Amino acid sequence: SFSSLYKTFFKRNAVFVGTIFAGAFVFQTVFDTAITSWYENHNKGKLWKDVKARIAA
Amino acid sequence: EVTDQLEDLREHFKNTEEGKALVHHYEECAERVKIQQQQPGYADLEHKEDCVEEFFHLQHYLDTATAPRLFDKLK
Amino acid sequence: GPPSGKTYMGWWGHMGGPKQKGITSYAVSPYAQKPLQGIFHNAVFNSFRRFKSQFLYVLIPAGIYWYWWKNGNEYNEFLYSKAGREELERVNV
Amino acid sequence: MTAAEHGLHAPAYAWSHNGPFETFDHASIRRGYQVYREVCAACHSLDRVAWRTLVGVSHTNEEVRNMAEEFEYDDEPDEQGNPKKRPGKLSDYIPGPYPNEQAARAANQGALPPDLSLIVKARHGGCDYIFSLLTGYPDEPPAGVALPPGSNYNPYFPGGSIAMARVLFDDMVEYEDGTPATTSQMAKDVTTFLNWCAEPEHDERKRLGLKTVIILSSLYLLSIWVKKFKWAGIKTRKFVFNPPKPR
Amino acid sequence: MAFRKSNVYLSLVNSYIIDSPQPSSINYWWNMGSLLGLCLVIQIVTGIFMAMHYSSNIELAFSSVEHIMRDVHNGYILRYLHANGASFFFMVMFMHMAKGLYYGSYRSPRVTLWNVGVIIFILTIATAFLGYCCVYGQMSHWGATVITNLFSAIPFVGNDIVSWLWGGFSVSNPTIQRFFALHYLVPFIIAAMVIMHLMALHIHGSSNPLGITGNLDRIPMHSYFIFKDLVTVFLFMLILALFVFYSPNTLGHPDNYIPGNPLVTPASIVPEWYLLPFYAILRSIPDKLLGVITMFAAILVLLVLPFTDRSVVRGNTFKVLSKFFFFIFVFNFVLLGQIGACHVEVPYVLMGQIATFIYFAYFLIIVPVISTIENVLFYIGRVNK
Ligand SMILES: CCCCCCCCCCCCCCCC(=O)OC[C@H](COP(=O)(O)OCCN)OC(=O)CCCCCCCCCCCCCCC
Ligand code: HEC
Ligand code: HEM
Ligand code: HEM
Ligand SMILES: COc1c(O)c(C)c(C/C=C(/C)CC/C=C(\C)CC/C=C(\C)CC/C=C(\C)CC/C=C(\C)CCC=C(C)C)c(O)c1OC
């Protein structure tokens, strides 16, 4: 219910502030990983790791 | 086998209709200088005409035609 | 602390305006409203009204100073070309 | 001034590192070092680049160890105070061909070859100017110009006359990966390498700019909603006037 | 009473950023003052952390900046933030001063507030010049030569002032270590003169776009303009991040990556872009002494404004002719900068001399004459005589 949602997270400021901090910890690690993955994939074949393995054939 | 891609591309656009106009204009400047350098007085007349401007007009045209295409023939 | 001079602004309760009588004000709580009401309508029709009233005070001076700049750039380029050597000596010297 | 003393403007090429999501082509960086060592290094220096910065970018750790160990560096004096020499290590810097500036001008008809660690950033045109200068030597100077002896012609150099002669000729370097080494191919590879020398943070800077713009754009949109919510009562406010009776 | 009003330190916070009575009609142009406060904080913090890795010797100054970019962790972020942040500092300040010129914020009750701002403008120009010299590139060395050589035109004592400023016979090691020490100090004088700026604003409060009294309708600063300032704060860092991570050298000069050499002239010598309009005014007078005097006049004529405005209405909101000629001055300023980055050629010399005349004629001729004409038009347009 919307009354139970307010009573758990939005009634006490301590829980509201703690939830923001715990949501920033999770966002921090996930956002970094998803950005390097897209950045590396957009530049496939131009990285040192790509060319190092090619000359290793 | 493989020669200079830029040299092969520059010789192509020099034979188009627009290119042949800029080439033909540069040669007209050369003859006006090639005959004015063999007269008494050319050794010292202060103002000596050159053909840098005609060379610049032609060279600019080959650069716009070749720049967007050259790097696709390289590695 | 000592007193200060006479200013033209006060604080809450003694701001320093005329006496007010006969004006009534009404307001509704922000928690009971729609914050984004009419954004699409204002972005087109209100934006066109605001632009149409001020665009003549900005563009005319801008166009005067841009035509001046371009006319001075072309003249300088012509002056330092092969066809402008007869004018460069008669002006800069 | 005239267009001759201005210098011809370089055109725009489609470099692979152009673009907000693009990085350096690390195969051209590896090829570009070979061109520098075999052609450029005879007269130009790279004294702002250390050996260790090449590891993980274009060479393995063991390869750079063998590259630096071919040069002699000054060591600490011995027990009797006599000078000594040692082979290079990863913490050193790439050495130059001349001991001082007087030596450089003596070997180049009085002209000084500049250092090539920031040359891409120090010229108006960047990568397009270096490439156009290396491939823009005409076989003949235009009819009328009078070159001083010991100088060459290049339309891209301000003034026209440049003390460096053409140095890139077809099939002068044998690449290890089998790429046909032509004048245009070598000029393209050495320019990418020199760009990495000037901006070694290029790859990681563009990745950090993606995170920064994404996060900052969300905050700008969120703050617009919050401002409009807090101003709702003042934006919709009504006033009525009823004139008072005289008293 | 509340603890925020009774405490000695909190009462200064409450009276300035919490309970301050603000007019309800001020638009987003009234947001540039809070942005200038964030710019000053950014420049001080990045400068201090960069100063832990910098050497002011003339033989190590250029290489220490290259050391920051390459060896210091996140050092290129600090340098590009400090270099581009200074460019954004002058962007906001130019718009901050044009807001008060449009809305008549210099008029009678707030003359002291306007005068303090002119002092802050002079100090900020000096601070940016001193920090540019600390890089010691080809444009910073030759820029310092021309600027400091203009003091030699002062009669009698002119030549001695240059030697005292240089510390020697030319721009050398004593000059470069001199300028880094002053570049550390002057920003703290600006911070102390900003507090005097806010003290003179608090006596009568802010103005409004309508130009009339705001004592009839006020709202507190907190939760109304705290969140309206947060909107432009986030937009400010978004545009700055674009220039720092995707185009860090668009606003600079490539010749400042060549180490300073006193033996080779770097062809055309120009200062940074925000000093270009004042550089063109100096070059328009064919006399060193007179030309130098005119350059500081261009900043001192701003003090004549409260006395050459003969209008009984404050601002340009309801004035037809004043609105038109205001944008003539604005775009005249932009053309002056373009001439400052040009060569000394046939058309450009006369273009900068006429544009210099328009700059001074605006305060001393155009504003007094226009403001008297509009006063009559307002009168005869409604009186039945
Ligand atoms: C390079 C170094 C930087 C500069 C030096 C910095 C210090 C010099 C002081 C600044 C110059 C004065 C401002 C111009 C005033 C003006 O011109 O306005 C004119 C006003 C008019 O006053 P009026 O409107 O009340 O009456 C109208 C009647 N004419 O006269 C003044 O206010 C006189 C003020 C002089 C006070 C001396 C300064 C003492 C400062 C102590 C306060 C410390 C504050 C806390 C720390 C921040
Ligand atoms: C092998 C590829 C190679 C590259 C790339 C290279 N050099 Fe130079 N270089 C010079 C000299 C001398 C100058 C200075 C020209 C001048 O000042 O007129 C110069 C100038 C330059 C410039 C500056 C251009 C400018 O606008 O100032 C660049 C860039 C450059 N060289 C790069 C001697 C050489 C020599 C010795 C023959 C060789 C080999 C040489 N240079 C090989 C190379
Ligand atoms: C670091 C430099 C400066 C800072 C931090 C600063 C700060 C501020 C602030 C916070 C305000 C109130 C908010 C606002 O009006 O936007 C303000 C108002 C004002 N400032 Fe500045 N300012 C600076 C420079 C200047 C300059 C250079 C001038 C003029 C030459 C100036 C003149 C004014 C005027 C006239 C006002 C009142 C305008 C009005 O309220 O209508 N300030 N300043
Ligand atoms: C309002 C405050 C300041 C302004 C406007 C300012 C301006 C500048 C400018 C324009 C440069 C030239 C940078 C470049 O072109 O690359 C510079 C350089 C520099 N400044 Fe500042 N500065 C300010 C405050 C400070 C402070 C407080 C310090 C030290 C405590 C500092 C330290 C430095 C250093 C070390 C450099 C070296 C060059 C560089 O790192 O780029 N600055 N400053
Ligand atoms: C919205 O309301 C506001 C508003 O909130 C503000 C702030 C301002 C701005 C007003 C001001 C007066 C500006 C305030 C700032 C200053 C006067 C100068 C700021 C000073 C500094 C940033 C100095 C602080 C420096 C440091 C802490 C040095 C950092 C170095 C460290 C920590 C070294 C590390 C430590 C060790 C031990 C190794 C407004 O104009 C305004 O509008 C009305």
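Both ligands and their constituent atoms are indexed starting at 1 by order of listing. Side chains included, hydrogens not; waters and symmetry mates left out as well; all remaining heavy atoms used. Each chain gets a letter, A, B and so on, in the order its sequence line appears, and its residues count up from 1.
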Practice task
Identify, for atom 9 (C) of ligand 1, the protein heavy atom at the shortest distance, and state residue, atom and that distance.
Solution key: E:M196 CE, 4.1 Å
Practice task
Can you pull out the closest protein heavy atom to atom 8 (C) of ligand 1? Residue, atom name and distance to 0.1 Å, please.
Solution key: E:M193 SD, 5.0 Å
Are any non-hydrogen protein atoms located under 4.0 Å from [atom]?
atom                    : answer
atom 6 (C) of ligand 1  : yes
atom 46 (C) of ligand 1 : no
atom 6 (C) of ligand 5  : no
atom 24 (O) of ligand 1 : yes
atom 19 (C) of ligand 1 : yes
atom 30 (O) of ligand 1 : no

Handout entry: N/O/S from E:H82 sitting under 2.8 Å away from atom 21 (Fe) of ligand 4
Key = yes
Practice task
Classify the side-chain pair E:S24/E:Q22 by whether it contains a donor and acceptor separated by less than 3.5 Å.
Solution key: no
Exercise for the section: Tell me yes or no: between the side chains of E:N208 and E:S25, is some donor less than 3.5 Å from an acceptor? Expected result: no
Practice task
Report yes or no: does a heavy atom of E:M221 sit under 4.0 Å from some atom of ligand 5?
Solution key: yes
